[PDB]
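Here is the structure we will look at.
Read-outs throughout are calculated quantities, based only on the coordinates presented, and are distinct from any laboratory measurement. Cβ: placed from backbone, ideal geometry, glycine included. Neighbour counts: every protein chain shown.
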Amino acid sequence: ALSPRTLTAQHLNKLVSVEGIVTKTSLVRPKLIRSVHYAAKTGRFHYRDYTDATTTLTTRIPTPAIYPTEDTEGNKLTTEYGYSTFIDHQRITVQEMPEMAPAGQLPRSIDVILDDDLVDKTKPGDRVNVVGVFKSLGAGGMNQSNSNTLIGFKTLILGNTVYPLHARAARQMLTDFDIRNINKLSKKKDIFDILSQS
Amino acid sequence: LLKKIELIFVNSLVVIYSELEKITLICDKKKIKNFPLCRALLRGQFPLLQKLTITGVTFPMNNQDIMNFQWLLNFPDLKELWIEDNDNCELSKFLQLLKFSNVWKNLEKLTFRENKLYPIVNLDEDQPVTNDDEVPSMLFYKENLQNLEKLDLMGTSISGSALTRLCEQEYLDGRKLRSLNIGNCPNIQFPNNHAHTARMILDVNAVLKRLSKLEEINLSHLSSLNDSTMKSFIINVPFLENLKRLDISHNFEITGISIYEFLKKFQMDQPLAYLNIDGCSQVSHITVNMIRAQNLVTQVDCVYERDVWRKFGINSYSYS
């Protein structure tokens, strides 16, 4: 159980929970995960799976997001949307709570990836707890086109659940005991004075 | 005096033959747009012809006698038939021939491979009666296929139930069958799959009970063989004790999990002799290195970069 400050390189590839405030939510985009193609002469439906470092918890070989256009025999393919499969994808920045940041330091932040039904579960300014796998991705400048010796690797949380918060939950649950107490108090003749004095 | 003739018609430009023993006709399907020996094969007889191998030709549309394999009745004693990428042929018409004549006293091996996906063929077990006062037509599937050692149906759109019916009817003999190739057949689904039409199901338990002594299985390009479906093979390990050579290559689904637990339960039988998983993008390199290291297979091939399977001469006589 961490925050965007105390989340540390020792935590990479572990399952972590981070508390913070959401900022800079990306647009929602469909991410291609499988495409299906009718080979016009052959009659078979070919298909192709896709992978990147966000779609999987393990570093499977990447797939270049290219659509097929020809069969092995050279027969022209046609892409079949509606049988092809896309997940919704969203990237959000969770910022450290300013109340927690130590003396004279500004809040740290980290980027979370959310997929399918987790998308749009938060808007900016939401205080949140995110659970997910903290990961690294990309080449980190090890690819020799990058001369810079010092830059680090990009890192993310691949999200598994998102809880909104106002603990000191954003929407409080009410027991029937709460319902009955709330109604009981409402019948006290001077309840407006009681609540406003409270 | 010619006993064995081969023709490899690389390009195009514009009666009794007792001597012959083997005819191999191979064509560039792109350049050749007809069927060279069509008149000769339908008109003549080649009564001592042991092996016939026709690939890449294009059957004429104007001749249902060709398309129904009516000529193919001409050749008794035909120890082996190989027929591959014959673009306008169909396994349906072939099985209709096999229904209605005892065409061959003996086939040791059959190999049929149509290229394009024709509609679903189910085993046509309908035995009609002209009248119930008259005989039902004797169906010659048994005595035609009773002899087979090698059955190969790669790419042929045979439905899974058709193959189970071939085994339940005991048309395929089992006691003599040794090598089965059903790769690239999109109409095969295994029992654990929830998504199907029931007559595409293969009942591997029934099949492997029937034909238990077989050596060599080929399921390459059988995308339907996901990891869940491999569980059916795991529990049916006791019925395939003769199996030495297993090709499941170019399966883009099969994770190393199924591979490993299959070889581990097989080890409860002594390694499997040989296994092919070339092009299988999902088998983890460390798993296959474990397979080598713990010696669960005497040889295993993992050329991930090998794009294609049709080694000419060895696996296929389709030209180039």
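Which of the three applies to chain A, rounded, prolate or oblate, going by the alpha-carbon gyration tensor with a ≥ b ≥ c and a/c under 1.5 meaning rounded?
In terms of gyration-tensor shape, oblate.
Take the Cβ-Cβ distance between A:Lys14 and A:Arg48 as r, set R0 to 35 Å, and report the resulting FRET efficiency rounded to the nearest 0.05.
For A:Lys14 and A:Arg48, the calculated efficiency is 0.65.
Summing -39500 (n - 2.57) over the DSSP H runs of n ≥ 4 in chain B and dividing by its residue number, what mean residue ellipticity at 222 nm do you reach, to the nearest 500 deg cm²/dmol?
Helices in chain B give a 222 nm mean residue ellipticity of -5500 deg cm²/dmol.
Given Cβ point charges of +1 (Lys, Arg) and -1 (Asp, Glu) and nothing else, what value in debye, to the nearest 20, does the dipole of the range B:93-153 about its Cα centre take?
480
Would any residue of the range B:259-275 have its amide N under 15 Å from a label point 7 Å out along Cα→Cβ of A:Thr58? List them or say none.
B:259-261
Apply the a/c threshold of 1.5 to the C-alpha gyration tensor of the range B:184-320 and tell me whether it is rounded, prolate or oblate.
Cα axes put the range B:184-320 in the rounded bin.
Put a dot 7 Å past each Cα toward the Cβ at A:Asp71 and B:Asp269; how far apart are the dots in nm?
Rounded to a tenth, the inter-label distance reads 3.6 nm.
Take the cross-link list B:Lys4/B:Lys244; B:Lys33/B:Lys116; B:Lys79/B:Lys99; B:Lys244/B:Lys264 and give me the ones stretching past 21 Å between alpha-carbons.
B:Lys4/B:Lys244
Go ahead and collect, in residue order, the members of the range B:72-111 whose backbone nitrogen is under 17 Å from a label point 7 Å along the Cα-Cβ direction of B:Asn34.
Output list for this probe position: B:87-88.
Estimate the FRET efficiency between B:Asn289 and B:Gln169 by the formula 1/(1 + (r/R0)^6), using the beta-carbon distance for r and 51 Å for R0, to the nearest 0.05.
With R0 = 51 Å, the Cβ-Cβ based efficiency is 0.70.
Pop a pseudo-label 7 angstrom from the Cα along the beta-carbon direction at both A:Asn160 and B:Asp132 and give the gap in nm to one decimal.
Going from the A:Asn160 label point to the B:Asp132 one covers 6.6 nm.
Can you give the FRET efficiency for B:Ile5 and B:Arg199, using 1/(1 + (r/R0)^6), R0 = 35 Å, r = Cβ-Cβ distance, to the nearest 0.05?
0.25
Past the 31 angstrom mark, what percentage of all C-alpha to C-alpha distances in chain B do you count?
35
On a straight-distance basis, which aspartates and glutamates could pair with A:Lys24 in a cross-link, Cα separation under 18 angstrom, same-chain partners fewer than 8 positions away excluded?
Here the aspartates and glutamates satisfying the reach criterion relative to A:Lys24 are A:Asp88, A:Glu96, A:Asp111, A:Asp115, A:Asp120, A:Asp126.
Classify the range B:1-79 as rounded, prolate or oblate from the Cα gyration tensor: take a ≥ b ≥ c as the square roots of its eigenvalues, call it rounded if a/c is under 1.5, otherwise prolate when a/b beats b/c and oblate if not.
Oblate.
Label A:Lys187 and B:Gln299 with points 7 Å out from Cα along Cα→Cβ: what is the distance between them in nm?
So the two model labels end up 9.0 nm from each other.
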